[PDB]
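Everything on this sheet refers to the single structure shown next.
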Protein chains: 2
Amino acid sequence: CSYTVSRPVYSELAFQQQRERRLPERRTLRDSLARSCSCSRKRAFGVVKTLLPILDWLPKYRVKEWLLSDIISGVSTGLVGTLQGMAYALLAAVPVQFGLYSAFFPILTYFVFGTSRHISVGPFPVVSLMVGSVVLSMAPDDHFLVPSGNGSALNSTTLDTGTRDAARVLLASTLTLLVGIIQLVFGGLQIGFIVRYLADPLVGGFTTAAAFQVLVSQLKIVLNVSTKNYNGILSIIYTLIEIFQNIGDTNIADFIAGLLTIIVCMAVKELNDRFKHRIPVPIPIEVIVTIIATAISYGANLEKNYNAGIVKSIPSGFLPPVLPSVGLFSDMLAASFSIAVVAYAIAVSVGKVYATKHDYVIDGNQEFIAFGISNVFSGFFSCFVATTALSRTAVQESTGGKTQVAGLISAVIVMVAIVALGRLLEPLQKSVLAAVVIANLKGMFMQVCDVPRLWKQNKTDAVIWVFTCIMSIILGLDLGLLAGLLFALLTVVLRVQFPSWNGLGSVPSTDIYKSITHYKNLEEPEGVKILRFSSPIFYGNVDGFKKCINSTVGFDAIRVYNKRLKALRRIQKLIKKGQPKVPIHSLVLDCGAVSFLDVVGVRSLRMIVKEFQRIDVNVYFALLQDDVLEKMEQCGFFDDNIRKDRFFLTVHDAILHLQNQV
Amino acid sequence: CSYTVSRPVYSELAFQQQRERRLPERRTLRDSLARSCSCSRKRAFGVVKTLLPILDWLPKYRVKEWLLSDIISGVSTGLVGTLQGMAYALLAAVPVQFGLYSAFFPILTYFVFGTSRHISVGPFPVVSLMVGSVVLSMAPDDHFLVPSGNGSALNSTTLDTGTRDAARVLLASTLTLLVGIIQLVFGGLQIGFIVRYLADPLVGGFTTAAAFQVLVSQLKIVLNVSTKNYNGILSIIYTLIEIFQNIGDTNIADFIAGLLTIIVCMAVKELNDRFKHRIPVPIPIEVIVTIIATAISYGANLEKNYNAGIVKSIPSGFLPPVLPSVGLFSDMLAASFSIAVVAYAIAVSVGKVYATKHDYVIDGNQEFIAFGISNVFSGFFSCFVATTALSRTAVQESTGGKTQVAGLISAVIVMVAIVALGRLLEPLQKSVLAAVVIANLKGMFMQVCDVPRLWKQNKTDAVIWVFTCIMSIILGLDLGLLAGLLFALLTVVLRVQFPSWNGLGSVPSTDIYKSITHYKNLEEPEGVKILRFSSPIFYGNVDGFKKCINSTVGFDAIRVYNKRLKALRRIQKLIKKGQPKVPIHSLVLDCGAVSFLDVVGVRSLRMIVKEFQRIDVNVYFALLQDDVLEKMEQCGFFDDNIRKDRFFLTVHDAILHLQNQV
């Protein structure tokens, strides 16, 4: 249906002379500093509810498909966490006793504080390596080096034990407490908007790349290949080439056992994925392969008779809480900070990926303070940092899992294993439990299948994804996320710097203006051209805007002006001796899609206006709605002759003005 | 004048069903790779003209106010360059003979290649310190250490001379040639758009701290204070505190002479600025103070009788061109690259500041290749890097100066001084020539008077300026520009992330839509609200867009939906036992100012559309002109029920549709 909107042509000064403005409220803080929460108890109840993210999902869960699913998922992820703790405790240069504590207590203190499902809090490989490195740096390997033991030639300088591991555990506990209090003080000032910068392609490249890292770190142990420690740049490539070079000393029995286990478990997993409708409850093959491996190992003695590799070092009993050493908290403060940061990073990553599979968008500051207080509670008990492994969350999400109660039942399993079931999982071959992680890693390995779809949608995000992936693979997960974030910001500033500028034109007998490079049968006003940059004119796209203008108008104002003055001097000297301009009347810049301007932008705009006025060709504008016009008039854009009359509300009004002017 | 534009309401599908598109030209390279310059000689002539920036201003200069002005400016800047060379050659751990060569030959080879006025090519303090550092690292201080000279107790291990300085000069020449060829290969691939990122506030904050740095580096020599070398972080502050701590061993005569000279020269400078109309030619007080200082020094013997400090080390005679050592070019390649980069940076800085005083905007790639070939020509002659000092360009621009011929006459003065006028400027006290730079530094010291103006114009550029200034002062000019560029990109992404969102509304009996938070006496459609985000919906402002929506509509869709389903379950269980929604009908997002979208953006937009559809409240759109709509339909935004009918061309069309629908 048509509509009659007959309205006189309204410029800027012709529109404000009859309307009225609104007095802007400065909102000074000297009297409004107590307007957040003075006496209203509703906001207090709300912030108390949001501070404790346990009364949200626990009073709302449904026990229909909950109990057995979360129980089996928790048992699986608890087995995985026990394996990871027994590995990382030895990797962290500390005695292998506190991995179970770091899998038990942080999970407990996170079950009450923290709203992020499908996350198993515990030790992470790269952060454990960083902890071990910063511990070895501030602690000599030989504390006393007792020279006794009647050696061969000189005094037997045996490495001192007992006190060495005790000091190492004390330093690790102090470091974890420092990282926790630093996470808490970071969550204090509410710096949580950083999560707004982690895009889905960014977290993908990252997760896939990590997947690959945890894949190779499980392959190096499923083959029993003695590899050196590598971190920083080229870490993954160096570990891979070291594995490929030292493939000789490989346990054949352990290798074939791991291969059989990964094959049978991926087969039963794809079978369950195919027959998910017949069998109601997903069969937990994790516990099945675990118990059959323990049975075939205890009944054959795969260690003392075949050298396959088993745990054989399960401790027992808890330890009382010990107070840390405050006098050292300064030294760790020099480095732990950085570690702490990347820790949180890894945390949100193992969330953000799953934010793409389930509508469970989380908040940054809440998870920040949750991980902070969780690592604080990890302190005083000689635990590890409150990170979260990728393999554990993978095995928790792939094998069912609905809420965080899976972590709770995993902690219960770890507790019963450390108090009464230690001798049960003694002959575990460390292979099927290192193969279930590779099995459930398929959910993240298949994430590379979206790159063909991402490229066919927007080549920007696909390039970002592949760049993040390769740069992480090269520079290690520590710097990979930072490099990917910098590249994403660079792509954003490039897309805001290089827009899709096109010349606009009206449709016949109407006032709709569309691009002429994509449509046909349009018409262009004789002597009046339209240009829509569709981008903020900041200090970057200034020369780009000039190039767009001089390419859309056909000519360049500088060259035609200098040629005109040269010809004027020529004809003047010829009279003293004796005797490429386009018919375009004006141009209307459709700079309506601009969101912000700077001082350089308005200066360049004034320079362009003056330069075009010097060629006797006017330059008009378009809908500077509310803020760009105020910022222009505030920066001294109107001084002596340039007024707001040259601007217009709509492009059709400018076209009609240029029409009725001639 | 009114206008009748009666037109039926046009949505997206209602506008493309009668018009036609244009076949997009893919422009494959396999057949268009020879379309740049195949046989047309016009483009060849143009690129030859642009490659040699000497046929532009030289056949165009006007000798009216040119000859004497550029002559005196060149003599002044040549004196300054001789002083800077005699200083930096000693600072670069090389014998003090080649500073005059680095001031003479690079200027010669830049006079023909390079279009950037008010720039004196030569040695720069920080790049000279970097050269000295990278030379001392790859060259031992004691080459042979001849143990002869019948010392006190052991053999007199005198430092080897002759070959030491020769090897140092050879290494410096090889380093300069390597930096030059690296600059050339950088200019090769035409990576010159980096100059598009250096804003005017950025270069101001860079040049004010550089002005303070050259001020303190001239103050440390005008007082004869033995200070240690400092580079990197806290360099300026450390040098300043070292000066303030070692102020004791200060030459009183030299101090009072420098003070008198700076006072009288600033007085005569402000007098000439006041009496510029009376005296046509600006009186070159530089040569006057120089000759009177040489007279009062040669007639009083200020060195051997007063210890004031003079040059007394002016060499004589040129040196034949010597071939470098190629077998070392690899080693310098590890570091020189970085240096080279920052060199170019400093270069463009001493241009960009003056780009604010004169309309002489330059191009990045041309200056890049010019400095490259200039430093290449500096090679084979044992010269320094082709940088440009701030004090030299300051004294060249403040004391007249029109074109680059000032550099040419400065080089001529340096040549005549090194061949025949060496004994003339022997007793120069190194004070008045170190005070003229502080005098002409006022032109850049007064550039801090824009902070209130920039603050009153736009709050962002002033914060950028002050941040760049303080960060440069803290971290040294090497990292200051990089930190300022990163902060500028961060401010850009923040301004594009946090827009000025406002609810829109129409004016009575018209179709103009303006913000309701700034105007009054407007009207809002009963049940229909307008929202204009005025920003690209990328992965950063997604949650910001959600917050804007739920704050403009008053409610939040998630909470009202969960409360509605809870109440539905409640009434259902009550029937089994026995028995805050705003009247807003729909919202029209005026997302017309969007310039680019990503996959996360379109995913979040689809999620918002579905969520609002679940609350029986429709959501409409606005002018997605040409590219955002195509990118949305390419990312799978329309699958089963969401069609392009919900979109509209103008906001008034959407309002009329919502009106006639009910």
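Identifiers in the structure tokens: chain A, B, ... in order shown; residue index from 1 per chain; ligand index from 1 in order shown.
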
task = Quick one: everything within 10 Å of region 253-258 of chain B, counting only C-alpha atoms, minus sequence neighbours fewer than 5 positions away in the same chain. Send it as a list in words.
result =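 Listing them by chain and then by number gives residues 219, 221, 222, 223, 224, 263, 264, 293, 302, 306, 307, 308, 309, 310, 429, 430, 431, 432, 433, 434, 435 and 436 of chain B.
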
Please produce a file of those selected residues containing C-alpha atoms, as a CSV table (one decimal), in the first residue's frame.
chain,number,residue,atom,x,y,z
B,219,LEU,CA,71.2,18.9,28.2
B,221,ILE,CA,76.1,17.4,26.9
B,222,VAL,CA,75.5,21.2,27.4
B,223,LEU,CA,76.4,20.6,31.1
B,224,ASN,CA,79.3,18.1,30.5
B,263,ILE,CA,68.5,33.0,26.3
B,264,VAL,CA,69.8,35.4,23.6
B,293,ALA,CA,81.4,31.7,19.9
B,302,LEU,CA,88.5,28.0,26.6
B,306,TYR,CA,89.1,26.9,31.3
B,307,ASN,CA,88.0,23.3,30.4
B,308,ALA,CA,84.8,24.3,28.6
B,309,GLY,CA,84.8,21.5,26.0
B,310,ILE,CA,85.4,22.0,22.2
B,429,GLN,CA,82.4,25.2,22.3
B,430,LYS,CA,79.7,22.6,21.4
B,431,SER,CA,77.3,24.6,23.5
B,432,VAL,CA,75.6,27.3,21.2
B,433,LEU,CA,75.2,24.5,18.6
B,434,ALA,CA,73.7,22.3,21.3
B,435,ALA,CA,71.5,25.3,22.4
B,436,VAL,CA,70.1,26.2,19.0

key: Neighbour list for residue 410 (chain B) as number ranges by chain, cut-off 7 Å, only C-alpha atoms, skip fewer than 6 positions in-chain   = B: 74-75, 77-78

Residues of the last selection are to be written out with N, CA, C and O atoms, as a tab-separated table (two decimals), in the first residue's frame.
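File produced: result_0.tsv:
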chain	number	residue	atom	x	y	z
B	74	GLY	N	70.06	25.73	5.33
B	74	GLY	CA	70.98	24.64	5.10
B	74	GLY	C	72.27	24.79	5.87
B	74	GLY	O	72.80	23.81	6.39
B	75	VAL	N	72.78	26.01	5.98
B	75	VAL	CA	73.99	26.22	6.78
B	75	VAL	C	73.72	25.88	8.24
B	75	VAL	O	74.53	25.21	8.90
B	77	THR	N	71.29	23.83	9.54
B	77	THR	CA	71.10	22.40	9.70
B	77	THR	C	72.37	21.61	9.41
B	77	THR	O	72.53	20.52	9.95
B	78	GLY	N	73.29	22.16	8.62
B	78	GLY	CA	74.55	21.50	8.36
B	78	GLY	C	75.47	21.59	9.55
B	78	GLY	O	76.16	20.63	9.88

task = Identify, on the basis of only C-alpha atoms, every residue whose closest approach to residue 409 (chain A) does not exceed 8 Å; exclude the query and any residue fewer than 2 positions from it along the same chain; express the result as a ChimeraX atom specification.
result = /A:70-71,74-75,405-407,411-413

Print the selection's residues with C-alpha atoms to a file, as a PDB file, in the first residue's frame.
ATOM      1  CA  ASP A  70      25.947 -38.518  35.335  1.00  0.00           C
ATOM      2  CA  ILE A  71      27.156 -41.420  37.497  1.00  0.00           C
ATOM      3  CA  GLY A  74      31.609 -39.088  36.533  1.00  0.00           C
ATOM      4  CA  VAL A  75      33.245 -42.484  36.968  1.00  0.00           C
ATOM      5  CA  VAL A 405      27.160 -33.316  39.467  1.00  0.00           C
ATOM      6  CA  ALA A 406      29.312 -35.517  37.228  1.00  0.00           C
ATOM      7  CA  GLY A 407      32.284 -33.737  38.775  1.00  0.00           C
ATOM      8  CA  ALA A 411      35.345 -36.645  43.226  1.00  0.00           C
ATOM      9  CA  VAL A 412      33.444 -39.246  45.259  1.00  0.00           C
ATOM     10  CA  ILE A 413      35.025 -41.992  43.140  1.00  0.00           C
TER      11      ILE A 413
END

inquiry  = Calculated over only C-alpha atoms, which of the candidates B:473, B:96, B:593, B:241 has the smallest distance to chain A?
reply    =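 Of B:473, B:96, B:593, B:241, the one nearest chain A, counting only C-alpha atoms, is B:593.
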
For residue 614 (chain B), the nearest of the candidates B:120, B:562, B:515, B:661, counting only C-alpha atoms =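 For residue 614 (chain B), the nearest of the candidates is B:562.
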
inquiry  = For the strand (DSSP E or B) assignment from backbone DSSP, which residues of region 470-563 of chain A qualify? Please present them as number ranges by chain.
reply    = A: 502-506, 513-515, 519, 523, 528-532

message = as a VMD selection string, please: the residues near residue 284 (chain B) (cut-off 12 Å, only C-alpha atoms, same-chain neighbours under 2 positions excluded).
response = chain B and resid 68 to 77 265 268 to 269 272 279 281 to 282 286 to 291 395 to 396 398 to 401 436

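Closest approach to residue 650 (chain B) from the set A:397, A:517, A:511, A:604 is made by A:511, with distances taken over only C-alpha atoms.
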
ask   = Any idea what's packed within 9 Å of residue 171 (chain A), counting only C-alpha atoms, ignoring anything in its chain fewer than 6 positions away? Could you give it as a PyMOL selection string?
value = chain A and resi 135+138-139+324-325+328+382

Those residues you just picked out, can you put them in a file as a short mmCIF file (atom, residue, chain, number, x, y, z; two decimals), in the first residue's frame with N, CA, C and O atoms?
data_model
loop_
_atom_site.label_atom_id
_atom_site.label_comp_id
_atom_site.auth_asym_id
_atom_site.auth_seq_id
_atom_site.Cartn_x
_atom_site.Cartn_y
_atom_site.Cartn_z
N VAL A 135 59.04 -23.76 39.66
CA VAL A 135 59.48 -24.34 40.92
C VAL A 135 60.95 -24.71 40.85
O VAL A 135 61.72 -24.44 41.78
N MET A 138 63.18 -21.45 41.24
CA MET A 138 63.31 -20.89 42.58
C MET A 138 63.55 -21.95 43.64
O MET A 138 63.27 -21.72 44.82
N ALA A 139 64.07 -23.11 43.25
CA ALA A 139 64.41 -24.17 44.19
C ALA A 139 65.51 -25.04 43.61
O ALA A 139 65.32 -25.67 42.56
N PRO A 324 50.76 -22.19 54.50
CA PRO A 324 51.83 -21.89 53.53
C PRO A 324 52.90 -20.98 54.11
O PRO A 324 52.87 -20.64 55.30
N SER A 325 53.84 -20.57 53.26
CA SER A 325 54.90 -19.64 53.63
C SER A 325 54.62 -18.30 52.95
O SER A 325 54.75 -18.19 51.72
N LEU A 328 57.40 -15.87 50.84
CA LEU A 328 57.80 -16.11 49.47
C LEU A 328 56.77 -15.64 48.45
O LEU A 328 57.08 -15.60 47.25
N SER A 382 47.88 -28.30 49.82
CA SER A 382 48.94 -28.77 48.92
C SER A 382 48.36 -29.42 47.67
O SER A 382 48.57 -30.61 47.40
#

message = Just checking: using only C-alpha atoms, which residue out of A:546, A:453, A:26, A:610 ends up closest to chain B?
response =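 Of all the options, A:453 lies closest to chain B.
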
query = What separation in Å, quoted to one decimal, exists between CA of residue 169 (chain A) and CA of residue 383 (chain A)?
reply =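 Separation between CA of residue 169 (chain A) and CA of residue 383 (chain A): 8.5 Å.
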
request  = Would you mind telling me which residue in A:344, A:519, A:612, A:113 lies nearest to chain B when using only C-alpha atoms?
outcome  =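 That would be A:519, the residue with the smallest distance to chain B.
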
message = According to DSSP computed on the backbone, where in region 29-269 of chain B is there helix (DSSP H, G or I)? Give the residues as a ChimeraX atom specification.
response = /B:29-32,41-51,67-91,99-112,125-137,163-188,193-197,200-222,235-245,252-269

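In this model, the gap between CA of residue 597 (chain A) and CA of residue 627 (chain A) comes to 9.3 Å.
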